[PDB]
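Q: so I've got this experimental structure, pasted below with the sequence.
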Amino acid sequence: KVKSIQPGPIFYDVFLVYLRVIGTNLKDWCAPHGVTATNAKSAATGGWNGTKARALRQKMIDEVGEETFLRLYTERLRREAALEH
């Protein structure tokens, strides 16, 4: 059906590439949050799932629009599933 936004590889790429669309990068996005790029990826992929990681994941979603994040994330998943079938 439709999926809600979950962490993982696609979450991380959609956020990473969104920063590119609006012309920042991971490095410069991370700094005002007092966090590392490496910590940003771990939270985004769901590898770190502590509640501090959730707070950061929510900032990534609010950076994109929540609706825009869902649309990018959803259409991307559709394309992978299409190659897997």
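A: Received it, and whenever you're ready, just let me know what you need. Numbering: from 1, shown residues only.
Q: and the longest helix for the protein?
A: Across the chain, the longest stretch assigned as helix under DSSP state H is helix 66-83.
Q: may I see the buried residues of that one?
A: By neighbour count on 16 or more other CB atoms under 10 Å, the buried set for helix 66-83 is 69-70, 72-73. C-betas here are computed from N, CA, C, even on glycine.
Q: following element in sequence after the host helix or strand of residue 38, please.
A: Residue 38 is part of helix 37-44, with elements assigned from DSSP states H and E. On the C-terminal side of helix 37-44, the closest following helix or strand by DSSP H and E is helix 51-63.
Q: tell me how far that following helix lies from the chain's centre.
A: 9 Å (CA atoms, centre = their mean, to the nearest Å).
Q: now stretch 46-53
A: Distance of stretch 46-53 from its chain centroid, counting by CA atoms, centre = their mean, is 13 Å.
Q: got the buried residues for it?
A: Burial within stretch 46-53, assessed by neighbour count using 16+ other CB under 10 Å, is assigned to 48, 53.
Q: then it to PDB, C-alphas only?
A: C-alpha atoms of stretch 46-53 as PDB (Å, rounded to 0.1, in the frame of the first residue of the first chain):
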ATOM      1  CA  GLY A  46      18.100   3.400  11.900                       C
ATOM      2  CA  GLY A  47      21.400   1.900  13.000                       C
ATOM      3  CA  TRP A  48      21.300   4.100  16.100                       C
ATOM      4  CA  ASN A  49      17.700   4.100  17.400                       C
ATOM      5  CA  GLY A  50      18.100   5.800  20.800                       C
ATOM      6  CA  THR A  51      15.600   8.500  21.500                       C
ATOM      7  CA  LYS A  52      18.300  11.200  20.800                       C
ATOM      8  CA  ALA A  53      18.500   9.700  17.300                       C
END
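Q: residue 58 and residue 85, how far apart?
A: 32 Å (CB to CB, to the nearest Å).
Q: tell me which of the two has more neighbours.
A: Higher neighbour count among residue 58 and residue 85: residue 58, with 12 against 5, using other CB atoms under 10 Å.
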